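Have a look at structure.txt below; it lists compact mmCIF, C-alpha atoms.
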# COMPACT_ATOMS: atom_id res chain seq x y z
CA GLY A 1325 -71.46 -48.01 -17.63
CA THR A 1326 -68.50 -45.70 -18.12
CA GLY A 1327 -70.35 -43.10 -16.02
CA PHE A 1328 -70.61 -45.42 -13.02
CA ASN A 1329 -68.72 -44.29 -9.89
CA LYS A 1330 -67.77 -40.89 -11.36
CA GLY A 1331 -66.06 -42.54 -14.32
CA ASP A 1360 -32.54 -25.43 -4.42
CA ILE A 1361 -29.77 -26.46 -2.03
CA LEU A 1362 -26.68 -28.29 -3.40
CA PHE A 1363 -26.49 -25.53 -6.02
CA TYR A 1364 -24.08 -22.67 -5.28
CA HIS A 1365 -22.62 -24.82 -2.49
CA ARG A 1366 -19.94 -26.73 -4.40
CA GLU A 1367 -16.24 -27.09 -3.70
CA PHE A 1368 -14.25 -23.99 -4.64
CA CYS A 1369 -11.29 -26.15 -5.76
CA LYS B 432 -11.89 -4.08 8.33
CA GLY B 433 -11.02 -4.93 11.94
CA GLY B 434 -11.28 -8.69 11.39
CA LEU B 435 -14.01 -9.41 13.96
CA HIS B 436 -15.44 -12.53 12.33
CA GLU B 437 -17.45 -13.55 15.40
CA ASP B 438 -19.37 -10.27 15.47
CA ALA B 439 -19.85 -10.41 11.69
CA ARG B 440 -21.38 -13.89 11.97
CA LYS B 441 -23.82 -12.68 14.63
CA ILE B 442 -24.93 -9.80 12.38
CA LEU B 443 -25.72 -12.21 9.54
CA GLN B 444 -27.64 -14.53 11.87
CA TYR B 445 -29.56 -11.57 13.30
CA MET B 446 -30.53 -10.48 9.78
CA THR B 447 -31.66 -13.99 8.81
CA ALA B 448 -33.59 -14.41 12.06
CA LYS B 449 -35.52 -11.24 11.12
CA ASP B 450 -36.26 -12.54 7.59
CA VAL B 451 -33.92 -9.92 6.11
CA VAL B 452 -31.99 -10.82 2.95
CA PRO B 453 -28.53 -9.22 3.33
CA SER B 454 -27.22 -7.11 0.49
CA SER B 455 -24.33 -8.11 -1.76
CA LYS B 456 -22.19 -5.50 0.00
CA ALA B 457 -23.13 -6.82 3.45
CA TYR B 458 -21.84 -10.30 2.63
CA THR B 459 -18.59 -8.89 1.23
CA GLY B 460 -17.85 -7.43 4.65
CA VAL B 461 -18.43 -10.84 6.23
CA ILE B 462 -16.16 -12.43 3.61
CA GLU B 463 -13.57 -9.77 4.46
CA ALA B 464 -13.66 -10.58 8.19
CA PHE B 465 -13.09 -14.31 7.70
CA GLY B 466 -10.09 -13.69 5.46
CA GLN B 467 -8.61 -11.44 8.14
CA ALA B 468 -8.68 -14.43 10.52
CA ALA B 469 -7.51 -16.94 7.87
CA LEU B 470 -10.88 -18.74 8.03
CA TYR B 471 -11.04 -19.62 4.36
CA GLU B 472 -13.68 -22.32 4.88
CA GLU B 473 -16.18 -19.89 6.41
CA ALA B 474 -15.27 -17.17 3.90
CA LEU B 475 -16.07 -19.40 0.92
CA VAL B 476 -19.34 -20.47 2.56
CA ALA B 477 -20.43 -16.82 2.65
CA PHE B 478 -19.30 -16.49 -0.97
CA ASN B 479 -21.40 -19.54 -1.80
CA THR B 480 -24.41 -18.23 0.14
CA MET B 481 -24.39 -14.96 -1.83
CA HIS B 482 -25.53 -16.73 -5.00
CA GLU B 483 -28.09 -18.64 -2.93
CA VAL B 484 -29.84 -15.45 -1.77
CA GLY B 485 -29.39 -13.71 -5.13
CA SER B 486 -26.94 -11.11 -3.75
CA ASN B 487 -24.48 -11.70 -6.56
CA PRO B 488 -20.86 -10.69 -5.84
CA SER B 489 -19.63 -7.28 -6.91
CA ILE B 490 -16.11 -6.33 -8.01
CA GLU B 491 -15.22 -5.55 -4.39
CA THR B 492 -16.17 -9.10 -3.36
CA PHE B 493 -13.64 -10.56 -5.80
CA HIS B 494 -11.06 -8.32 -4.11
CA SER B 495 -11.84 -9.42 -0.55
CA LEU B 496 -11.07 -12.99 -1.61
CA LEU B 497 -7.94 -12.04 -3.57
CA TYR B 498 -6.39 -10.16 -0.65
CA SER B 499 -7.46 -12.93 1.73
CA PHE B 500 -5.79 -15.53 -0.49
CA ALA B 501 -2.77 -13.32 -1.15
CA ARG B 502 -1.75 -13.22 2.52
CA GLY B 503 -1.73 -17.01 2.71
CA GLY B 504 0.00 -17.54 -0.63
CA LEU B 505 -2.92 -19.48 -2.13
CA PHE B 506 -2.14 -18.71 -5.75
CA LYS B 507 -4.16 -21.76 -6.81
CA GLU B 508 -7.28 -20.08 -5.41
CA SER B 509 -6.14 -16.69 -6.72
CA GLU B 510 -5.97 -18.08 -10.26
CA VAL B 511 -9.51 -19.42 -9.82
CA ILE B 512 -10.72 -15.87 -9.17
CA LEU B 513 -8.62 -14.57 -12.06
CA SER B 514 -9.97 -17.24 -14.40
CA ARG B 515 -13.43 -16.29 -13.09
CA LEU B 516 -12.89 -12.53 -13.49
CA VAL B 517 -12.14 -12.79 -17.22
CA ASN B 518 -15.38 -14.62 -18.07
CA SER B 519 -17.42 -12.48 -15.65
CA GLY B 520 -16.79 -9.38 -17.77
CA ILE B 521 -14.49 -7.79 -15.17
CA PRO B 522 -11.21 -6.39 -16.56
CA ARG B 523 -8.06 -6.74 -14.49
CA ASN B 524 -7.57 -3.52 -12.54
CA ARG B 525 -4.44 -2.58 -10.58
CA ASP B 526 -5.73 -4.00 -7.28
CA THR B 527 -6.12 -7.43 -8.88
CA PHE B 528 -2.51 -7.29 -10.07
CA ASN B 529 -1.21 -6.41 -6.60
CA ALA B 530 -2.92 -9.44 -5.04
CA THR B 531 -1.51 -11.69 -7.76
CA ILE B 532 2.04 -10.54 -7.00
CA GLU B 533 1.46 -10.86 -3.25
CA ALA B 534 -0.09 -14.32 -3.62
CA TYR B 535 2.74 -15.62 -5.82
CA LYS B 536 5.36 -14.10 -3.50
CA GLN B 537 3.96 -15.67 -0.33
CA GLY B 538 3.56 -18.94 -2.23
CA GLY B 539 7.25 -18.96 -3.13
CA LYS B 540 6.68 -18.49 -6.88
CA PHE B 541 9.28 -15.79 -7.46
CA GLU B 542 9.51 -16.29 -11.23
CA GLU B 543 5.75 -16.00 -11.72
CA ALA B 544 5.58 -12.96 -9.43
CA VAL B 545 7.92 -10.84 -11.56
CA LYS B 546 6.21 -12.12 -14.72
CA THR B 547 2.93 -10.64 -13.47
CA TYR B 548 4.75 -7.35 -12.90
CA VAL B 549 6.31 -7.83 -16.34
CA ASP B 550 2.92 -8.54 -17.93
CA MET B 551 1.29 -5.72 -15.93
CA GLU B 552 3.30 -3.01 -17.69
CA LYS B 553 2.44 -4.46 -21.11
CA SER B 554 -1.26 -3.91 -20.36
CA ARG B 555 -0.57 -0.25 -19.45
CA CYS B 556 -2.34 0.39 -16.13
CA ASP B 557 -0.69 2.54 -13.44
CA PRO B 558 1.31 0.88 -10.63
CA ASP B 559 0.56 2.48 -7.27
CA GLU B 560 2.70 2.69 -4.14
CA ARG B 561 1.66 -0.75 -2.90
CA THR B 562 2.54 -2.28 -6.27
CA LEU B 563 6.09 -0.99 -5.87
CA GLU B 564 6.03 -2.37 -2.32
CA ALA B 565 4.53 -5.60 -3.67
CA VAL B 566 7.39 -6.14 -6.13
CA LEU B 567 9.98 -4.94 -3.62
CA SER B 568 9.03 -7.74 -1.23
CA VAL B 569 9.63 -10.23 -4.07
CA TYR B 570 13.20 -9.05 -4.64
CA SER B 571 13.86 -8.68 -0.91
CA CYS B 572 12.60 -12.21 -0.26
CA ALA B 573 14.91 -13.71 -2.90
CA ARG B 574 18.02 -11.91 -1.58
CA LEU B 575 18.50 -9.48 -4.47
CA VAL B 576 20.57 -6.66 -2.98
CA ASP B 577 21.33 -4.78 -6.20
CA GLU B 578 17.78 -5.14 -7.54
CA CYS B 579 16.34 -3.90 -4.24
CA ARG B 580 18.59 -0.83 -4.41
CA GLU B 581 17.22 0.06 -7.85
CA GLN B 582 13.68 -0.44 -6.55
CA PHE B 583 14.23 1.65 -3.42
CA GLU B 584 15.81 4.89 -4.66
CA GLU B 585 13.24 5.10 -7.47
CA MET B 586 10.60 5.07 -4.72
CA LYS B 587 12.07 8.34 -3.42
CA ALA B 588 13.02 9.52 -6.93
CA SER B 589 9.40 10.71 -7.29
CA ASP B 590 9.30 12.22 -3.76
CA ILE B 591 6.99 9.58 -2.32
CA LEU B 592 8.61 9.03 1.12
CA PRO B 593 8.29 5.22 1.15
CA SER B 594 6.43 3.78 4.11
CA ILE B 595 8.01 1.94 7.03
CA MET B 596 7.30 -1.42 5.37
CA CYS B 597 9.70 -0.72 2.49
CA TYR B 598 12.35 0.47 4.96
CA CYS B 599 12.05 -2.75 6.97
CA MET B 600 12.43 -4.81 3.79
CA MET B 601 15.70 -3.01 3.03
CA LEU B 602 17.08 -3.96 6.44
CA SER B 603 16.20 -7.59 5.67
CA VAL B 604 18.03 -7.77 2.34
CA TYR B 605 21.03 -5.98 3.85
CA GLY B 606 20.91 -8.11 7.00
CA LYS B 607 20.51 -11.32 4.99
CA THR B 608 23.76 -10.63 3.11
CA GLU B 609 25.45 -9.29 6.29
CA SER B 610 25.93 -5.90 4.58
CA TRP B 611 26.39 -4.07 7.86
CA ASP B 612 27.51 -0.92 6.03
CA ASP B 613 24.17 -0.39 4.28
CA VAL B 614 22.19 -1.22 7.43
CA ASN B 615 23.78 1.63 9.37
CA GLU B 616 23.39 3.97 6.39
CA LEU B 617 19.64 3.33 6.20
CA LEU B 618 19.11 3.45 9.97
CA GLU B 619 20.51 6.98 10.16
CA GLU B 620 17.95 7.99 7.53
CA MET B 621 15.14 6.74 9.78
CA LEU B 622 16.67 8.27 12.92
CA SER B 623 16.16 11.90 11.86
CA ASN B 624 13.05 11.64 9.63
CA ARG B 625 11.70 15.05 10.61
CA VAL B 626 8.55 14.49 8.51
CA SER B 627 7.34 11.02 9.61
CA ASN B 628 7.10 10.04 13.27
CA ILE B 629 6.48 6.32 12.66
CA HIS B 630 9.86 5.80 10.97
CA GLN B 631 11.71 7.61 13.77
CA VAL B 632 10.19 5.57 16.60
CA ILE B 633 10.39 2.24 14.77
CA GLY B 634 13.91 2.96 13.52
CA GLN B 635 14.99 3.94 17.03
CA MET B 636 13.42 0.87 18.64
CA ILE B 637 15.18 -1.47 16.19
CA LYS B 638 18.58 -0.37 17.50
CA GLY B 639 17.38 -0.99 21.06
CA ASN B 640 17.17 2.60 22.29
CA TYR B 641 13.52 2.19 23.36
CA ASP B 642 13.81 -1.12 25.25
CA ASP B 643 13.12 0.43 28.67
CA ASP B 644 9.97 0.22 30.77
CA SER B 645 9.08 3.89 30.28
CA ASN B 646 10.67 3.98 26.82
CA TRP B 647 8.47 1.14 25.53

Output the structure of this file as structure tokens.
Amino acid sequence: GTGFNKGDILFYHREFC
Amino acid sequence: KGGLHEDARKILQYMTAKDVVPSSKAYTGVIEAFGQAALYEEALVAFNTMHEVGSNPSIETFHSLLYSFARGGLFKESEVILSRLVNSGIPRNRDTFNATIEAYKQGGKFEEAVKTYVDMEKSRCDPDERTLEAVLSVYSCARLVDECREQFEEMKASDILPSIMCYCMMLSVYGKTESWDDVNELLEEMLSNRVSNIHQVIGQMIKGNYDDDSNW
């Protein structure tokens, strides 16, 4: 039954502008 | 200090290759070296990498950038630091004001340069010798003979013995207006100069006395 078959780059690297 | 960016880059790579996270002060020296060589792109990369490794910038780091930008007249980038210093909790010291004047001067903004010196005195502070030299270069650059005279004698009015840089700026403003009388008057002051050797040699070599093989 139901028991069958076991049931961060790109940050701080931006343009200074 | 000596502007050896290549050696500074090799130090940082050596530290990273040994799994060593450089300190916030160590990066500020690298940022300083790039600004000495006008390598703004590599300087701002190191500034960006500081936040990446957690070595957040100190007050000295925001000065390495300001002096680096001041030499090139990048007052747009100087204002970015200034607009960043106010929200970072860092009050404007005297060194920040000197870079602002120097940046505006090299960028050709004469009106905004004197305004910073005008707004500096309102906020008290204490102008140093470079600040007087910073504002003197503004008046010397925009051919202000009478204003430069009032700036110069007040430099010696406090017995400060202004450095050779201020003397060379006086020769410019006198030589720009062809005031040959004042040029000879100031040169004789540098010729004797029993206290400072640098003025005597530099003043002598300007006139051409030291243009010989042995005398160079």

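If you look at atom CA of residue B:608 and atom CA of residue B:596, they are 19.0 Å away from each other.
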
Please identify every residue of chain A that has at least one atom no farther than 12 Å from an atom of chain B, counting all atoms listed in the file, and for each give the shortest atom pair and the distance in Å to one decimal, arranged by chain then increasing number, as a Markdown table.
| residue | atom | partner | partner_atom | distance |
| --- | --- | --- | --- | --- |
| A:1360 | CA | B:483 | CA | 8.3 |
| A:1361 | CA | B:483 | CA | 8.0 |
| A:1362 | CA | B:483 | CA | 9.8 |
| A:1363 | CA | B:483 | CA | 7.7 |
| A:1364 | CA | B:479 | CA | 5.4 |
| A:1365 | CA | B:479 | CA | 5.5 |
| A:1366 | CA | B:479 | CA | 7.8 |
| A:1367 | CA | B:475 | CA | 9.0 |
| A:1368 | CA | B:475 | CA | 7.4 |
| A:1369 | CA | B:508 | CA | 7.3 |

Saved selection, atoms kept: C-alpha atoms, as a PDB file, keeping the file's coordinate frame:
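New file again_28.pdb:
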ATOM      1  CA  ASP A1360     -32.540 -25.430  -4.420  1.00  0.00           C
ATOM      2  CA  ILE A1361     -29.770 -26.460  -2.030  1.00  0.00           C
ATOM      3  CA  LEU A1362     -26.680 -28.290  -3.400  1.00  0.00           C
ATOM      4  CA  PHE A1363     -26.490 -25.530  -6.020  1.00  0.00           C
ATOM      5  CA  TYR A1364     -24.080 -22.670  -5.280  1.00  0.00           C
ATOM      6  CA  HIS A1365     -22.620 -24.820  -2.490  1.00  0.00           C
ATOM      7  CA  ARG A1366     -19.940 -26.730  -4.400  1.00  0.00           C
ATOM      8  CA  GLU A1367     -16.240 -27.090  -3.700  1.00  0.00           C
ATOM      9  CA  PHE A1368     -14.250 -23.990  -4.640  1.00  0.00           C
ATOM     10  CA  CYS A1369     -11.290 -26.150  -5.760  1.00  0.00           C
TER      11      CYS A1369
END

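Distance annotation: of B:474, B:566, B:573, B:626, the residue with the minimal separation from residue B:607 is B:573; atom set is only C-alpha atoms.
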
Inset, instruction - Calculate how many Å separate atom CA of residue B:558 from atom CA of residue B:527, rounding to one decimal. - result: 11.3 Å

Inset, instruction - Using all atoms listed in the file, find the one residue out of B:451, B:457, B:569, B:529 that sits nearest to residue B:439. - result: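 So, comparing all the options, the nearest one is B:457.
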
Let me have the centre and edge lengths of the axis-aligned box enclosing all listed atoms of stretch 568-583 of chain B with 5 Å padding on every side, in Å to one decimal, as lines of an AutoDock Vina configuration file.
center_x = 15.2
center_y = -6.0
center_z = -4.1
size_x = 22.3
size_y = 25.4
size_z = 17.6

Legend entry - Atomic distance atom CA of residue B:445 - atom CA of residue B:488, expressed in Å with one decimal: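 For atom CA of residue B:445 relative to atom CA of residue B:488, the distance reads 21.0 Å.
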
Inset, instruction - Return the single residue from B:516, B:586, B:490, B:549 that is closest to residue B:563, with distances computed using all atoms listed in the file. - result: B:586

Inset, instruction - Kindly indicate which residue among B:595, B:544, B:617, B:601 lies nearest to residue B:571, using only C-alpha atoms for the distances. - result: B:601

Inset, instruction - Scan for residues within 12 Å of the point (10.0, -6.2, 0.7) in the coordinates of the file, using all atoms listed in the file, and reply as a VMD selection string. - result: chain B and resid 532 to 533 536 to 537 561 to 576 578 to 580 582 to 583 593 to 605

Kindly write chain A with C-alpha atoms to a file, as a PDB file, in the first residue's frame.
ATOM      1  CA  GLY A1325       0.000   0.000   0.000  1.00  0.00           C
ATOM      2  CA  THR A1326       1.347   3.390   1.011  1.00  0.00           C
ATOM      3  CA  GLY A1327       4.271   1.589   2.674  1.00  0.00           C
ATOM      4  CA  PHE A1328       5.324  -0.111  -0.555  1.00  0.00           C
ATOM      5  CA  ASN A1329       8.758   0.896  -1.910  1.00  0.00           C
ATOM      6  CA  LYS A1330       9.659   2.979   1.166  1.00  0.00           C
ATOM      7  CA  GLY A1331       6.567   5.136   0.736  1.00  0.00           C
ATOM      8  CA  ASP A1360      29.080  36.687  -2.689  1.00  0.00           C
ATOM      9  CA  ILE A1361      30.806  38.267  -5.688  1.00  0.00           C
ATOM     10  CA  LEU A1362      29.082  41.151  -7.554  1.00  0.00           C
ATOM     11  CA  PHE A1363      28.583  42.757  -4.130  1.00  0.00           C
ATOM     12  CA  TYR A1364      31.152  45.378  -3.100  1.00  0.00           C
ATOM     13  CA  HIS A1365      32.373  45.373  -6.716  1.00  0.00           C
ATOM     14  CA  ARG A1366      30.114  48.035  -8.229  1.00  0.00           C
ATOM     15  CA  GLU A1367      30.999  51.151 -10.189  1.00  0.00           C
ATOM     16  CA  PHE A1368      32.297  53.961  -7.985  1.00  0.00           C
ATOM     17  CA  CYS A1369      30.569  56.578 -10.182  1.00  0.00           C
TER      18      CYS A1369
END
